[PDB]
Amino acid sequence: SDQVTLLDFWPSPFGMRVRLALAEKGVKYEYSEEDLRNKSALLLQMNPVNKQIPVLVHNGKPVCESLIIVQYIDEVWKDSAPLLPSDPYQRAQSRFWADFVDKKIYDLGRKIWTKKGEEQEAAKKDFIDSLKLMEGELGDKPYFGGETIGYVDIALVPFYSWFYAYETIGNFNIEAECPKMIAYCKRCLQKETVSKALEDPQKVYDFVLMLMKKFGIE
């Protein structure tokens, strides 16, 4: 009976998080591709402050910010396995590592393709170091969520679709430095929800090339 619309833009790893969370919890929804150059009345109505995607509109009410949206989904749709742990301590740990993806993985990945020379080299090193910290957190578990896809998996795994772009522009190989991280991503990709939610790495790379041309930083 519920009305669910996702305002999104295809190459966004932030949008991919929400696509994955909706799929993982079996939520039926309408996907709406936004033109971010000419933002729709709906996007402006629903996210007046940030004017960004993704935005989830559920029964006429908007939820903004990808990680906030994933938590909302977890709290609202309950007829599947939880994405966040029920134990408060474990839940706080999951929040810590999901945030870490925003603060380190996204930020440093962005520096890899937007910067050059020594600054870019530093970003690559810090990016790899950050993935290594996540490998440590994963430990011997198959997923960050344990035996199923959890909040941290949803936060992180969409960035795999950007790895080829980071590697090609930055000139490095993540599998060589972080084989456990890559094994983990490939394991996640065996799942239909993950493979359907994540975009093609070649297409994402071509999108980043378009941005580099736009900003004159090839």
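For every residue, the number given is its place in the sequence shown, counted from 1.
- Mean CA temperature factor is higher for 81-89 when stretches 81-89 and 142-150 are set side by side in the entry.
- Note on 38-46 vs 56-64: mean CA B-factor is higher in 38-46.
- Each of 156, 27, 69, 181 has a CA temperature factor in the record; the biggest one is found at 27.
- Residue 107 sits in the middle third of its chain by CA B factor, as recorded in the PDB entry.
- Ranked against the other modelled residues of its chain, the C-alpha B-factor of residue 125 as given in the entry falls in the highest third.
- Ranked within its chain, residue 74 lands in the lowest third, by CA B factor from the PDB record.
- When the modelled residues of the chain are ordered by C-alpha B-factor, residue 173 sits in the middle third.
- For residue 32, the recorded CA B-factor ranks within the highest third of the chain. Only modelled residues enter the ranking.
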